[PDB]
Structures are given as structure tokens and as C-alpha cells.
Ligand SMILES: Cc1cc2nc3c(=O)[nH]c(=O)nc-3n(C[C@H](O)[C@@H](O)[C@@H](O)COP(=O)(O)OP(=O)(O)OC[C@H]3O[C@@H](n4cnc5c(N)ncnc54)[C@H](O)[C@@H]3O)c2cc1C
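The chain that follows stands alone, in the form deposited without the ligand, written as C-alpha cells.
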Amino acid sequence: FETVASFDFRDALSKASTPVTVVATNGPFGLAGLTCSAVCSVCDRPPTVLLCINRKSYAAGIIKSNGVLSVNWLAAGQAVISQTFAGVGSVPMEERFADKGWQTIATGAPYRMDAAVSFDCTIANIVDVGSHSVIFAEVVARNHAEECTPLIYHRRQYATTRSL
């Protein structure tokens, strides 16, 4: 078979929805983060998630060398955090972590303590596919804001949930 056009693929993907996360890191190689909507759980033993990020980015470089990271599922009121970590407004990488919402838990990675879900993680394995590194990360601590709804991305806009 021939694969669809990359343009067609991206067009279609805009019709699917995703949660919005920020992946962050800190350690000997420094502080960095980016928004990532290609994230999912893998298995519960050992508890493992994966995230797919383009290897060309500033943050990918620092995440992979620090070897630890957080995955932070953002809550409905946090679209501005997603924008900043997606490069909207071009906030310099190290100025992105100003507020008190970011704290360490176990690994030294910054964890967003008011995110719907924050997992603090160690990198266990990496599979490269096309432009992206698929990073498998084992969860060594968790945190949750008080109940709240998710930030969702769909058709190139932010949204949150409602019952059917």
C-alpha cells in the first residue's frame, strides 16, 4: 500500500481530539519543557507512559539527556500554560517556569502541581520513528489538582468536556 499524504494525515488528525500535556524536565542539562498532545499510558506494571516529541527541538535535547521528565495533563483553565510551552509569544525556554505552580517531587523535573494529573518519571526506553522520538517513561511519583475538567485540543482550538 501507499501511505496517505502527510498533509492529508495532519488534516485528519485535526478532526480527532487529544488531551493537552506539558512535558518538562530539569537536572544537569538544565530546565526545559514543551507542549505535547501525543501521549498515552502503556501498562501499569511497571507503570509506564509514552510521549512522542520531535527530536529537533530544544526541549527534546535537554529531556533526553537529563533522563527524567514530568508529564502534566493540563486542566481546563490552563490554556495559557499550553500556549507558552507551544512557543506562542516566544517565551525564552528558561523564563517559562516563573510561577509557584511548578515544584519538584521526586526526580528534580518540574511538576505542575495544579495540573489535572502530573507524573514524575524516569526515561526507560526510546524508539525513534520518522522525525520523532517515542519516549517510554516510568512513573515514580504522581500529583493531582483538586477535581477539575481537562484541557482538550480539537479542530485547532482548546475545549473542555461536558456530559453527553
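Residues carry their position along the shown sequence, with the first being 1.
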Q. Taking only the CA atoms, which stretch has the higher mean B-factor in the record, 2-10 or 153-161?
A. 2-10
Q) Comparing 91-99 with 115-123, which has the greater mean CA B-factor as deposited? A) 91-99
Q.
Looking at the C-alpha B-factor values in the deposited entry, which of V20, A145, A24, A141 comes out highest?
A. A145
**Q.** Ranked against its chain, the third holding the CA B-factor of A79
**A.** highest
Q: Rank-wise, by C-alpha B-factor, drop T107 into the lowest, middle or highest third of its chain.
A: middle
Q) Comparing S57 with the other modelled residues of its chain, is its CA B-factor in the lowest, middle or highest third? A) middle
Q. Lowest, middle or highest third: where is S37 by C-alpha B factor in its chain?
A. highest
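There is another form of the same protein, the form solved in complex with the ligand; it is not shown, and what comes next is about it.
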Q. Counting only heavy atoms and a 4.5 Å cutoff, which of 134-142, 63-71, 106-114, 93-101 contacts the ligand in the bound PDB entry?
A. 93-101
Q. Just to confirm, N54 within 4.5 Å of the ligand in the bound PDB entry by heavy atoms?
A. yes
Q. Heavy atom to heavy atom, is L50 within 4.5 Å of the ligand in the bound PDB entry?
A. no
Q: Although the ligand is absent from this view, report whether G77 comes within 4.5 Å of it in the bound PDB entry, heavy atoms only.
A: no
(Q) Is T122 part of the interface with the ligand in the bound PDB entry - any heavy atom within 4.5 Å? (A) no
Q. Using a 4.5 Å cut-off on heavy atoms, what residues in 129-160 are near the ligand in the bound PDB entry?
A. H132, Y153, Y158
